[PDB]
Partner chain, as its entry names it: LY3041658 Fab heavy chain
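Let's start with one chain on its own, the form deposited without the partner chain, as structure tokens.
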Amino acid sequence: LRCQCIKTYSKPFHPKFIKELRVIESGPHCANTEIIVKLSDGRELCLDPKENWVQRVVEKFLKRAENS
């Protein structure tokens, strides 16, 4: 698949709203690394991997889900 994100979500939010995370590294398919999250209600958003708050949300989600 080509790039999946048209734009990224720019307002911080709590990691409890994420139920699924997908990280696709850049490559021939898309010049950017893309982060796609599926929220508790099933909507999806793209996050900017460079933002510090995104990195923190990803990390928390993972710490949670890991011991789930």
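Note that the rigid core is defined as the largest set of C-alphas that superpose within 1.5 Å between two forms. Shifts are known only where both forms have a C-alpha. Positions refer to the first chain, counted from 1.
Higher average CA B factor: 56-64, of the stretches 56-64 and 12-20. Set 21-29 against 45-53 and average the Cα temperature factors; 45-53 ends up higher.
The protein also exists as the form deposited with the partner chain bound; that form is not presented, and the subsequent description refers to it.
The partner is not shown here, but in the bound PDB entry the stretch 1-39 reaches within 4.5 angstroms of the partner chain through a heavy atom at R2, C3, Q4, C5, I6, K7, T8, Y9, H29, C30, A31, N32, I36. Once both forms are overlaid on their core, the sole residue range between the shown form and the other one with Cα shifts reaching 2 Å in three or more consecutive positions is 58-62.
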